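What follows is a set of notes on a single structure, which appears directly below.
Positions of Cβ are generated from backbone atoms using ideal geometry, with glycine treated the same way; all protein chains shown enter the neighbour counts. Every number in this text was worked out from the coordinates using simple rules, so none of it is lab data.
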Ligand SMILES: [Mg+2]
Ligand SMILES: [Mg+2]
Ligand SMILES: [Zn+2]
Ligand SMILES: [Zn+2]
Ligand SMILES: [Zn+2]
Ligand SMILES: [Zn+2]
């Protein structure tokens, strides 16, 4: 069919010190872009969330990994781009809370309604709203939700659970934090419980431990959430090997991948940024993480199988893939960790585009939930916060900075950030939009009511 | 002719607390976007540089001025969008310097070659390269260069001067800082002298004092740079009233507007951010600047007249307009002063679009040289640097942070930033591009050799 181009090379054209050497473009876009514009309907949609992966996160990753004139074959390759707003809401006044958390933002792009920090699937009135995933499942479409964080953490949970607070993981915490939701108290239940009820075809990530809890009320009272899964049809896999033995993954044989007690281990090791570290200490070179066992699947691997299983549905599918720890390491002021994670995601995003071009009716979207702390500063910056110099692909030093908190956790920031898309309806992310528009853009491309 | 739509409303559709209330989109873009793609040649081009106005600077200003669900009629209204890279070069190794200054960046978009921080119109070998303005003048097109900074400052000087350091304002400093350029030493000369030789039709800004210097060598030796200007044909205006009396402005009657000794006064007052200021001090509300005399033209006012004068050329024109102090107040950790300047810029950008739509073959581009320091943080952020909470249009507090420097000057940052465009060839800004492409995009739109 009329193939929509996917940016093949936005890397520098040559000698960056020479005239025309640093150009990313080779010729005029007008035609190429025009060939990317389609209001055909998406058969499927894959949405890649780089948790806290704003433009600075992207630059620092490219800069370190592929060099300043380099180019991410996935993240940088989506043709249509824009910047979106992601403000949350103050619960009491319903006023904008300029800086959102994982909870409110996820709810935003999945239900189309703004909310307060810490909420999952509810508007500020605590009223429920159906998720893009739920709507899909009803339409007969296959659903998938992948992530490197515990499956209970906001971003993935936002598509299946409806709770007043995000801390309402499983049984124990919900009873004493989300009573109105508590199963025993007559509510729908904990995030975990609600996820198992949700029943999406493919659900992979960490968070094994919240499955150790036993239900209190309900049909499965007494038994651990784990057994309830199995008992209800769920195939349980815990490693690369078992993950590959799957062939079918459908409403009767849903796949539940629990690859870590909590979050999946980080891709790279590197010390954490320190006070004056860019000046008092040697420049860092990132290293692979010894701890991460070779049996723990990688985001791209997870993304790959999901796609392979999900693609079987004649109607189509929906898949959320999250590279969660970009944000986490960003909170930890740990460059190597964070950068490596963005790389991890780029890899997954590559795997998504590859399929996007072959199939031809897919919508690929890459973006973040919000902006974060890290900033690329000058080698000699003498800062008040946490810094650290890194040796980049170019053989140059690059200095990173964390200084928007004295609390030991570096904070999110409120800046608008990038949203790139490729395929049918990819046009709706261009210019300035709001994260809730993302929701509407998925519903309409997918032709959902 | 086929009119290209200019984003009329990306404000929220309604109640931000309700489902679909926070949306900026009202329908599908595909067609509207289609109707914006043209490879027709631009008759003219207007380039709006918000010095240091990256996405965080845009959000903070829209948040405070128009509210989070608000929309900038100028800045936010340009249909086509993308993110570009602006790294500079190390002079010694020709390696990437991840964080450029005003000088190198300006040089990148105007000549099309990367350079080291502090250079104006030279590559790292100190070899000269023609500017887009210079090329335009030769092509027979009208030229204009507008700024709120002293005309000598990098951003506006980059289009007419070729100096080893940006500190080579006029006579004195050049002799002792850019010997190879110094007139008497045989060189082309100081930035001022080079500007006066450049002879662009319209040149308005600040920097009156560098014109008090007297040339040393040359035809006009002994006399002050100012008399030389008059002696050569320049119409010298110094206020709104004189600026409006101009009718012609061309090669024989070139206009030179010097509206301030140095930089033009800022638009808004507001105190400077302080340590723990968001917690220790009351929330601030910006105020207009009392100092700013009513006779000092405003950026939009200046942009307006430039356009009016420049529009007279049957061939076309080229116009660089810079809102300079966004960056200057940003260095100063002064939210009210910084936001005010971004607003000041939006006003001028509106002017540009207004014309852009009427004429029909204009290319408008709005962007910044680099990213800067400010960050929108949480009301209760307990930070190491400079903070300050402000009362926004929403009636909510918005906290801003400055903490990438213990030096009393807040630093630039290397993050990739937005670049929106409207008109012929506006497509070439979509996706990831590099600041030097911007140079090639102007050259081909304007059909220059
Ligand atoms: Mg997450
Ligand atoms: Mg400037
Ligand atoms: Zn997040
Ligand atoms: Zn976070
Ligand atoms: Zn600057
Ligand atoms: Zn600056």
Shortest-first nm distances, residue B:288 label point to equivalent points in other copies (7 Å, Cα→Cβ): 6.5
Sorted by Cβ neighbour density within 10 Å, fewest at the top, the residues B:318, A:439: A:439, B:318
Cβ-Cβ FRET estimate between residue B:185 and residue B:227, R0 fixed at 22 Å, reported to 0.05: 0.45
The stretch A:255-386, relative contact order in percent, only Cα pairs under 8 angstrom and at least six apart counted: 36 percent
DSSP-defined beta bridges in the protein assembly as shown - what % are antiparallel, rounded to 5: 45 percent
Distances in nm from residue B:176 to the matching label points in the other copies, shortest first (labels 7 Å along Cα to Cβ): 7.3
Length-normalised contact order for chain A - Cα pairs under 8 Å, 6+ apart - percent: 27 percent
DSSP bridge pairs, chain A: antiparallel proportion in percent, nearest 5: 45 percent
Cα pair distances of the stretch A:257-317 binned at 5 Å [whole percent]: 4, 13, 17, 14, 13, 11, 10, 7, 5, 3, 2, 1
At q = 0.15, 0.17 Å⁻¹, base-10 log of I(q)/I(0) for the stretch B:10-117 (Debye sum, equal scatterers on each alpha carbon): -0.89, -1.01
10 Å Cβ neighbours from other chains, averaged over peptide B:74-80: 3
At 1.002 mPa s and 20 °C, Stokes D of the stretch A:390-449 from Kirkwood alpha-carbon radius, µm² per second: 139 µm²/s
Likely footprinting exposure, B:245, A:147, fewest C-beta neighbours within 10 Å first: B:245, A:147
Dimensionless Rg over Rh [the stretch A:42-84; C-alpha; Kirkwood]: 1.01
Per-bin percent of Cα-Cα distances, the stretch B:277-434 [5 Å]: 2, 8, 14, 17, 16, 15, 12, 9, 5, 2, 1, 0
Amide N of the stretch B:55-76 lying under 17 Å from the label point, which is placed 7 angstrom from the Cα of residue B:18 along Cα→Cβ: B:69
Debye equation applied to the C-alpha atoms of the stretch B:146-232, log10 I(q)/I(0) at 0.15, 0.23 Å⁻¹: -0.45, -1.12
Space enclosed by the convex hull of the alpha-carbon atoms of the stretch A:298-374, per residue, Å³: 85 Å³
Share of Cα-Cα pairs in the protein assembly as shown lying beyond 39 Å, as whole percent: 39 percent
Approximate spin-label separation residue A:406-residue B:241, in nm, with each point projected 7 Å along Cα-to-Cβ: 5.3 nm
Relative counts (whole %) of C-alpha pair distances in the stretch A:56-204, using bins that are 5 Å wide: 2, 10, 16, 18, 17, 15, 10, 7, 4, 2, 0, 0
Diffusion coefficient, µm² s⁻¹, Stokes-Einstein with Kirkwood Rh over alpha-carbon pairs of the stretch B:67-117 at 37 °C and 0.692 mPa s: 253 µm²/s
Highest-fluctuation residue, B:387, B:298, B:285 considered, GNM on chain B with Cα pairs under 10 Å: B:285
Least to most buried among A:268, A:109 (fewest other Cβ within 10 Å first): A:268, A:109
Inter-copy spacing of residue A:274 label points, which lie 7 Å from Cα along Cα→Cβ, given in nm from shortest upward: 3.3
Centroid-to-centroid separation of the stretch B:162-198 and the stretch B:389-449 [C-alpha atoms, Å]: 30 Å
Chain A: radius of gyration and largest Cα-Cα distance (Dmax), Å: 21.5, 72
